[PDB]
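In the deposited numbering, the protein residues as written are -4 to 61, 65 to 219. Note that CB positions come from ideal geometry on N, CA and C, so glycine has one too. Take a look at the structure below.
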């Protein structure tokens, strides 16, 4: 062990992002600019809708597609994401909501110097016209625990999410993310959990500009 552990992943990195896709036929393009500390499991991002604004659907369904490199991994758990760089990795995610709405998100994450670049694509469909997503009745994603494990040789993360709605109601969704490193020799980690909390710090009236924050910590049992 004579190599620099932070030779690729610096304690303070920048994040550049561009999201492209549509939800129920409404195309949009959102840019992302923020920083974060990977070893502390924190990241902040200033978002701006460049096309398709104002979004006719809830902005909360997109926040989780706006990088597990910002996870505070203990020394007894293999960090599959921090060992994915400088080359990077990518993930594919499916979001299955309780009223039939289904989304497919993916992000190709590369590293150029001190900046994380993200090529995000978000495609949602089957959302009911009177549902809380199209009617914009959501408030926040509840903090929740993602479970990491190896499924058929690929690092998989399932979690049961929940969106707080207006009127003391909840709107649940089931996530399934597959994380693949571009170097196919990166050692897969063991089964562990990732407690995370995502929230919108500030936003304008039409959600054209959003300041997003996320905090995540990894642990086992």
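Is residue i helix, strand or coil when you go by DSSP?
i: residue 35; result: helix
i: residue 42; result: strand
i: residue 50; result: coil
i: residue 209; result: strand
i: residue 4; result: coil
i: residue 203; result: coil
i: residue 56; result: helix
i: residue 80; result: helix
i: residue 65; result: coil
i: residue -2; result: coil
i: residue 220; result: No information on residue 220 is available, as it lies outside the stretch -4 to 219 that the chain covers here.
i: residue 156; result: strand
i: residue 26; result: strand
i: residue 16; result: strand
i: residue 10; result: strand
Could you round the C-beta distance between residue i and residue j to whole angstroms and report it? I think they count as a contact, below 8 Å.
i: residue 49; j: residue 132; result: With a Cβ gap of about 13 Å, residue 49 and residue 132 do not count as contacting.
i: residue 122; j: residue 19; result: 7 Å
i: residue 174; j: residue 156; result: 5 Å
i: residue 146; j: residue 214; result: 11 Å between Cβ atoms; not a contact.
i: residue 177; j: residue 89; result: 5 Å
i: residue 29; j: residue 14; result: No, residue 29 and residue 14 are not in contact; Cβ-Cβ is about 13 Å, not under 8 Å.
i: residue 115; j: residue 11; result: 5 Å
i: residue 171; j: residue 95; result: 5 Å
i: residue 165; j: residue 126; result: That pair is no contact at about 17 Å.
i: residue 201; j: residue 72; result: Not a contact, Cβ separation roughly 33 Å.
Use the C-beta contact count for residue i: other C-beta atoms within 10 angstroms, 16 or more gives buried, fewer gives exposed.
i: residue 66; result: buried
i: residue 234; result: This structure cannot speak to residue 234, because the chain is shown only from -4 to 219.
i: residue 113; result: exposed
i: residue 229; result: A query on residue 229 cannot be resolved here, the shown segment of the chain reaching from -4 to 219 and no further.
i: residue 130; result: buried
i: residue 74; result: exposed
i: residue 199; result: exposed
i: residue 128; result: exposed
i: residue 148; result: exposed
i: residue 167; result: exposed
i: residue 212; result: buried
Tell whether a beta-carbon distance below 7 Å holds between residue i and residue j.
i: residue 0; j: residue 76; result: no
i: residue 153; j: residue 78; result: yes
i: residue 7; j: residue 37; result: no
i: residue 124; j: residue 107; result: no
i: residue 93; j: residue 208; result: no
i: residue 179; j: residue 82; result: yes
i: residue 233; j: residue 70; result: A question about residue 233 goes unanswered here, because the residues of the chain that appear run from -4 up to 219.
i: residue 55; j: residue 143; result: no
i: residue 23; j: residue 46; result: yes
Alpha helix (DSSP H) runs contained entirely in the region 83 to 144, provided each spans 4 or more residues: For the region 83 to 144, there is no continuous alpha helix (DSSP H) assignment of 4+ residues that stays within its boundaries.
Minimum length 4: unbroken alpha helix (DSSP H) runs contained in the region 163 to 200: Runs of the alpha helix (DSSP H) spanning 4 or more residues and lying entirely within the region 163 to 200 do not occur at all.
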